[PDB]
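Note on naming: letters A, B, ... go to the chains in the order of the sequence lines (proteins, then strands), and numbering restarts at 1 for each one. Just so you know, these numbers use all the heavy atoms, side chains as well, and skip hydrogens, waters and symmetry mates.
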2 protein chains.
Amino acid sequence: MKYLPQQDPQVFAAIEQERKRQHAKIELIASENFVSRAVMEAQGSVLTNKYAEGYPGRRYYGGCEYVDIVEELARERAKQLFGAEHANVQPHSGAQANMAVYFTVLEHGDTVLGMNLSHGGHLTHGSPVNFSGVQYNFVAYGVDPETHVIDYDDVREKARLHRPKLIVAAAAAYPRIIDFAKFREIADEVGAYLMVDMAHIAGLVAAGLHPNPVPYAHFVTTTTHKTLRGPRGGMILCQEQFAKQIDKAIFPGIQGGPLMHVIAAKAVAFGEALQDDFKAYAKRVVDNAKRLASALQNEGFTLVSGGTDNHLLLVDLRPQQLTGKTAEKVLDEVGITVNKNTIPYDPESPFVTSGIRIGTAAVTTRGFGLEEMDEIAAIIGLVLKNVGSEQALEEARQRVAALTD
Amino acid sequence: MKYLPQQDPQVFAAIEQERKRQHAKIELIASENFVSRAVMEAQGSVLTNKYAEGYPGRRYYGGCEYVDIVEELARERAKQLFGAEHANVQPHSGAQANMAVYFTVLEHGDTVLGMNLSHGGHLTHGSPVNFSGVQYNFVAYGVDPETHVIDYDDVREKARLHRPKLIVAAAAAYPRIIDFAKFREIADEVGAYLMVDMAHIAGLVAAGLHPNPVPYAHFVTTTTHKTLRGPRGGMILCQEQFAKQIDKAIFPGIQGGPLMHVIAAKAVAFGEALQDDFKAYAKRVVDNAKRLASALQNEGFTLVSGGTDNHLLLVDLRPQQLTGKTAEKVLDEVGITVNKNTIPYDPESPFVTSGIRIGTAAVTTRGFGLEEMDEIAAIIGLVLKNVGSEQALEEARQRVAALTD
């Protein structure tokens, strides 16, 4: 940076602290990643200055010729990545992407069926403190109490009982592959639309490591900033028949001016995802997660579902008689960032929990491999088995530092 | 830029086109401005990598120590700028800032009273194709057919007849000072909340050149990117009694993870606005708008309301027998960017219009003064009085180029 250090010492100091923090810590927050310098440069561009309400070639402001090229690059690259008939790259966030799909097909009070929030569903899939649960009547399907795999018979029964207008599939904390063919079969049986929220697994889908929801879903929503390793924002994919309706839901429906600079950054991130080396990266993410899961089990930890098919894992801490809150706190003390997370059928409140959620996307981006996974697992074991030992926590601290260099 | 040119030639070429376009054209879009290099650097920072749901010191992810400092800097500087008891700097946009206030105080189908959209009101103030008009029952107050000034007796009558739960004041295209004391008096009479959407005039308010709505409104919403000359985003100000409710409306209510990098950029923009030279800038904006208005009248143009108290003006093109659409198009041909805009009691549809909206914020930022205002007015006269003369349009083109250098 050149101008910010001089203009704003206070903001620059805090950014520099954050930059240094990102390098020093082992970031295992499953939803986080590190973007390229190219992506950041696009976000730091003059495109923030441009009002561009509407769509490429159909804007409500003149002078959009070049931002149109940028948005089109984003849409076309997204269609190339996922094989969607239509893309909308304007959603400000995952929240707004979901909001727009709901706005498109639902009326106030319509019934929607989504994944139980305590079994892995997201806030925007019907939380009573979120617009989703306040605006719509959300019902929930669960995972099996033993396998922690989605119970597709429960999905079906809930659908047939409650007759939802929309079924939502996908998750903030589900470690196994989701069967989209089965969701669509159930949706078809009850005459419901199917929406897949692939936010967490979007990079894995793009690399062919998770089945693609696009052929099965009427609508696919996602963030651009998790496994897809892009800037912070949302996106909607859908078939051509819903294109006009989806576009109008985003604008003039729920948003105003799009963030053209962030859309530029989306295009950059999509360009990166189309490359062979992104495919290799995504495989290392999944491989690392498998290795980490196995290594944690070797340390004596129980994992929700017994492992992982994707980038993320959930530790069930009940055998160690720890809450997720306690584990989160102590790991924070040694420089490992995780989040507490409810496990299926958790006896604890969502503010306490019996679990921690862990993901490998971020550490893989910084070049960690299988050996580092073993060591991260060894450090977690050392810490969680010795929460009362300051000497153990200091050893952990030193081993964490050895990893981040 | 260093990395984007190499990583993504296509995106870089289009950004560079846009950068060059921004310098070559005379940008008179009333909602646009040019941000500082410091603001852009903050948006281009690693802060995009951080999930930070919740609020400073009350986050739902660890590792937020430094992003907390950034968000707090933004909130405290905003409170310093506007004298608000509480600030929420997380809204992704003006749309979402409004959305959150509505979510806070209204139930589905509640009556809201806002400014007539064809008289200057915004899309988010009750358009039947926007969430506002679909979710809530919007009624409208108008401006006087002669003066084009808000008819406060009409505001009062509509309020007493329709009994709104919420009254919205402020505009996307209103060239005169708004009387917030009168809005609050009416709100008090009918027992309605008062929301002021100061998006357009926020920089003018901060510089003391427009009366401050904060003392009179229960809620004040704004964008950060118009006269405030910040990054693209939204903000809510409110009294302490609504702080907890407003924060919860933004999250977990209508958004997810905030854009911490954009919030950093907000803090930077607020720091800039607190400086004396911003005050001088904002006065030049208003002075330039007055000068431009006077100069256009000298050219024979009729202005909605007979002039301006702020950054923006509306030309009523009916005396020249032109539509706003025609004027917009021909001005685009010579390198002047305006937008068509409905005038009060416009006989034309909003897709055609009888007016053009013009603002001075952007040209003032690039250092245009009174002499440049005279010349811009002279060029507009030359073009609009000679729409069929390619020689006149070429002279205009050359004079536009002379201004942007």
Student: So do the side chains of B:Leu123 and A:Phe251 get within less than 4.5 Å of each other, counting heavy atoms only?
Tutor: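 They are in contact (side-chain heavy atoms under 4.5 Å apart), so the answer is yes.
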Student: How close do B:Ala95 and A:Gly256 get, counting heavy atoms only, and between which atoms?
Tutor: CB-N, 3.7 Å
Student: Would a 4.5 Å heavy-atom cut-off, applied to side chains only, mark A:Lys50 and B:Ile29 as touching?
Tutor: yes
Student: Return yes if a side-chain donor-acceptor contact under 3.5 Å exists between A:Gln135 and B:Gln135, otherwise no.
Tutor: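 The answer is yes; a qualifying pair exists.
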Student: Which region of A:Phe12, side chain (C-beta onward) or backbone (N, CA, C, O), has a non-hydrogen atom less than 4.5 Å from a non-hydrogen atom of chain B, or is it both or neither?
Tutor: neither
Student: Below 4.5 Å, heavy-atom pairs only: which of A:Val67, A:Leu259, A:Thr124, A:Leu331 has the largest tally toward chain B?
Tutor: A:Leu259
Student: Under 4.5 Å from any heavy atom of chain B, what part of A:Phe34 do you find: side chain, backbone, both or neither?
Tutor: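 The answer is both parts of A:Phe34.
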Student: Hey, does the side chain of A:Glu18 reach the backbone of B:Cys64 with a donor-acceptor pair shorter than 3.5 angstrom?
Tutor: no
Student: When heavy-atom pairs shorter than 4.5 Å are enumerated against chain B, which of A:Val70, A:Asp332, A:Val35 gives the highest number?
Tutor: A:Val35
Student: Answer with side chain, backbone, both or neither: which region of A:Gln17 has an atom nearer than 4.5 Å to a non-hydrogen atom of chain B?
Tutor: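 For A:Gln17, heavy atoms of backbone and side chain both lie under 4.5 Å from chain B.
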Student: Heavy-atom distance under 4.5 Å to chain A: side chain of B:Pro258, backbone, both or neither?
Tutor: backbone
Student: Taking the side chain as C-beta and beyond, is there a heavy-atom pair between B:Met99 and A:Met99 under 4.5 Å?
Tutor: yes
Student: For A:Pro350, is it the side chain, the backbone, both, or neither that has a heavy atom closer than 4.5 Å to a heavy atom of chain B?
Tutor: neither
Student: Non-hydrogen atoms of chain B under 4.5 Å away: do they reach the side chain of A:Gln6, the backbone, both or neither?
Tutor: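 Neither part, no heavy atoms under 4.5 Å.
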Student: Could you tell me whether A:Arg232 sits above the aromatic face of B:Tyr51, with NZ or CZ closer than 6.0 angstrom to the six-membered ring centre and within 45 degrees of the axis?
Tutor: yes
Student: Taking all atoms of both residues into account, what is the closest heavy-atom pair of A:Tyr3 and B:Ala38, and its distance?
Tutor: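 Heavy atoms only, the tightest pair is CB-N, 4.0 Å.
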Student: Considering all heavy atoms of both residues, which atom of A:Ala264 and which atom of B:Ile15 are nearest to each other, and what is their separation?
Tutor: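 That closest heavy-atom pairing would be CB-CD1, 4.2 Å.
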Student: If you count heavy-atom pairs under 4.5 Å between each of A:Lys226, A:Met260, A:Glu65, A:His122 and chain B, which one has the most?
Tutor: A:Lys226
Student: In this structure, are over 12 heavy atoms from other groups packed under 6.0 Å from A:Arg37 atom CZ?
Tutor: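 Incorrect, the count does not exceed 12.
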Student: With distance as the sole test, does B:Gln22 use its side chain to make a donor-acceptor pair with the main-chain N or O of A:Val46 at under 3.5 Å?
Tutor: yes
Student: Whether the side chain of B:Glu41 engages the backbone of A:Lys2 through a donor-acceptor N/O pair (distance < 3.5 Å, no angle test) should be reported.
Tutor: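 Side chain of B:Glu41 to backbone of A:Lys2, a donor-acceptor pair under 3.5 Å: yes, one is there.
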Student: Using non-hydrogen atoms and a 4.5 Å limit, figure out which bit of A:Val39 sits close to chain B: side chain, backbone, both or neither.
Tutor: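 Neither part.
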Student: Report the distance from atom CD of A:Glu72 to atom CD of B:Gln10, rounding to the nearest 0.5 Å.
Tutor: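 Reported value, rounded in 0.5 Å steps: 11.5 Å.
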Student: With chain B, which of A:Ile69, A:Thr337, A:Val268, A:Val134 has the greatest number of heavy-atom pairs at distances under 4.5 Å?
Tutor: A:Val268
Student: Could you look at A:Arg229 and say if it's the side chain, the backbone, both or neither that has a heavy atom under 4.5 Å from chain B?
Tutor: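 Neither part.
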Student: Please state whether the side chain, the backbone, both or neither of A:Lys325 comes within less than 4.5 Å of a heavy atom of chain B.
Tutor: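 Neither the backbone nor the side chain of A:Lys325 comes within 4.5 Å of chain B.
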Student: Would you check if B:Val262 and A:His92 make a side-chain contact, meaning some heavy-atom pair closer than 4.5 Å?
Tutor: no
Student: For B:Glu107, I'd like to know if atom CD has over 12 heavy atoms of other residues, nucleotides or ligands within 6.0 Å.
Tutor: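 No, CD of B:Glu107 has 12 or fewer neighbouring heavy atoms, counting only those of other groups under 6.0 Å.
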Student: Check whether any side-chain heavy atom of B:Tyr60 sits under 4.5 Å from a side-chain heavy atom of A:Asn339, and report yes or no.
Tutor: no
Student: Kindly give the heavy-atom pair with the smallest separation between B:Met1 and A:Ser45, and that separation in Å.
Tutor: CE-CB, 3.8 Å
Student: Among A:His261, A:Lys25, A:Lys248, which residue forms the greatest number of heavy-atom pairs with chain B at distances under 4.5 Å?
Tutor: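 Of the options given, most contacts go to A:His261.
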Student: In terms of heavy-atom proximity below 4.5 Å to chain B, should A:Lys329 be classed as side chain, backbone, both, or neither?
Tutor: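 Neither part; nothing is under 4.5 Å.
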Student: Return the minimal non-hydrogen interatomic distance between A:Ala14 and B:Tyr66, and the atom names on each side.
Tutor: O-CB, 3.5 Å
Student: Identify the two heavy atoms, one from A:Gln96 and one from B:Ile254, that lie closest to each other, and give their separation to 0.1 Å.
Tutor: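 Heavy atoms of A:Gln96 and B:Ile254 come nearest at NE2-O, 2.9 Å.
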Student: Between the side chains of B:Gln43 and A:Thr48, does any donor sit under 3.5 Å from an acceptor?
Tutor: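 Side chains of B:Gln43 and A:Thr48: pair found under 3.5 Å.
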Student: Report yes if some heavy atom in the side chain of A:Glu32 is under 4.5 Å from a heavy atom in the side chain of B:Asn49; otherwise report no.
Tutor: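 Counting from C-beta outward, A:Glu32 and B:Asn49 never come under 4.5 Å.
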Student: Which bit of A:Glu16 is near chain B, if near means a heavy-atom gap under 4.5 Å: side chain, backbone, both or neither?
Tutor: neither
Student: Kindly compute the distance separating CD (A:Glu272) from CD (B:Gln7), expressed to the nearest 0.5 Å.
Tutor: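 Reported value, rounded in 0.5 Å steps: 4.5 Å.
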Student: Nearest 0.5 angstrom please: B:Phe103 CZ to A:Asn130 CG, how far?
Tutor: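 Answer rounded to 0.5 Å: 7.0 Å.
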Student: Drop me the distance from A:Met40's CE to B:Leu47's CG, to the nearest 0.5 angstrom.
Tutor: 10.5 Å
Student: Verify the neighbour count for atom CD of A:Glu333: are there more than 12 heavy atoms of other residues, nucleotides or ligands below 6.0 Å?
Tutor: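 Yes, the 6.0 Å shell around CD holds more than 12 heavy atoms from other groups.
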Student: Would the distance check show the side chain of B:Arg21 and the main-chain N or O of A:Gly63 forming a donor-acceptor pair, the cut-off being under 3.5 Å?
Tutor: yes
